[PDB]
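One chain comes next, on its own, written out as structure tokens in the form deposited in one PDB entry.
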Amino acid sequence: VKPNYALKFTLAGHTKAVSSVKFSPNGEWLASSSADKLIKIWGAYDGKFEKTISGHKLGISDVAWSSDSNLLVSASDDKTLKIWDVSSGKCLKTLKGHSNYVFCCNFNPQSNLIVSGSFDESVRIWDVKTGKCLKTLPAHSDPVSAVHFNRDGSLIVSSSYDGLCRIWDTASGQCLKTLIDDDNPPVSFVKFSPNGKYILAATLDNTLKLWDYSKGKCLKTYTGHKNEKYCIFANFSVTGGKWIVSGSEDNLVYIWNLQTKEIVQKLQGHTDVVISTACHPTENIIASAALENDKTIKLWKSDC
């Protein structure tokens, strides 16, 4: 079986590169962040623009939703994160403390914590209610490209240009595991699998790898796309067939069969690096978004 993703909507309106797109956990919305300093919210099923959220002083590199779909957190070149009330558009808190661009961010499932990574080579864990920085982890020796909580929030995975993926204990802040491979190419993206047993890691040698992080074994590799320069989001697609989904520097979305590692589809239509993809929580829908020469988000749908 192969999916048959077809283009349904192109969402225009950002005036600079789009940096990240994420579906709300309840499925109703897509949020996008951009180098144009804005977050935009779009209807996930009709592509209709809903609203613009503003207040960062420089461009945004990431955005993430709380579990109840009511809050967003954004990570900006202005060295802060902001927590937003989606319904009002209001900035509830500004998280200050990183000393360089904030690159990546995520809520835990409970959504009482935010995790961030930054060009300042640290990982920070913040209290959502108060905005206080609870812990600063001296996590890496180079910019931190991704941070993600596992399904019960007890672990954080982090990746960095220093070539390392690390697993952290949320409560204690200690490093539980360091993953290294080959000649330590920069690690540009990492995230846990939905069941929390694996991590998917991108490296800037045109390669994605699925790891059993506790056993420290590489179970799968996904290749054939182009990824040498940018921190491109990748995804597990689980609503239909079990796929790996990633953007690419050759302007395509790649979809692989997770078990066989074969490419099952390439989605054409963007005109710049596809920096970000996201998979809808219940329907076979992909969101994709691209950099400066494109500036659009595309919504794709498959029968499987």
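Note that residue numbering begins at 1 and tracks the sequence as displayed. Here, rigid core means the biggest group of C-alpha atoms that superpose within 1.5 Å across both forms.
Taking the rigid core as the alignment reference, the C-alpha atoms of 174 to 182 lie farther on average from the displayed form in 9 other deposited structures of this protein than those of the other stretch among 174 to 182 and 145 to 153.
For the pair 177 to 185 and 92 to 100, the mean B factor over Cα atoms is greater in 177 to 185. Look at the C-alpha B-factors of 129 to 137 and of 226 to 234. On average they run higher in 129 to 137.
When the C-alpha B-factors of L155, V190, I114, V86 are ranked from the entry, the top spot goes to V86. Comparing the C-alpha B-factors of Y213, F107, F119, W168 in the entry, the top value falls on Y213.
Ranked within its chain, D36 lands in the middle third, by CA B factor from the PDB record. In the deposited entry, the Cα temperature factor of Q259 sits in the top third of values across the chain's modelled residues. In the PDB entry, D46 places in the highest third of its chain by CA B-factor. Among the modelled residues of its chain, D68 has a C-alpha B-factor that falls in the middle third, as given in the PDB entry. In the PDB entry, a CA B factor belonging to the lowest third of its chain's modelled residues is recorded for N150.
The same protein has a further form, the form solved in complex with a partner chain, not shown here; the description that follows concerns it.
Though its partner chain is absent from this view, in the deposited bound form it lies within 4.5 Å of a heavy atom of just one residue from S88, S99, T130, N195, which is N195. Put simply, of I41, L252, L258, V264 only one has a heavy atom within 4.5 Å of its partner chain in the deposited bound form, and it is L258. For the marked spot (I83, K93 and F107), a heavy atom within 4.5 Å of its partner chain in the deposited bound form is absent from each of the three residues. Using a 4.5 angstroms threshold between heavy atoms, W65 stays clear of its partner chain in the deposited bound form. Its partner chain is not drawn, but in the deposited bound form it has a heavy atom within 4.5 Å of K220.
Looking at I125, you'd find every heavy atom of it more than 4.5 angstroms from its partner chain in the deposited bound form.
At the 4.5 Å threshold, heavy atoms of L137 stay clear of its partner chain in the deposited bound form, well away from it.
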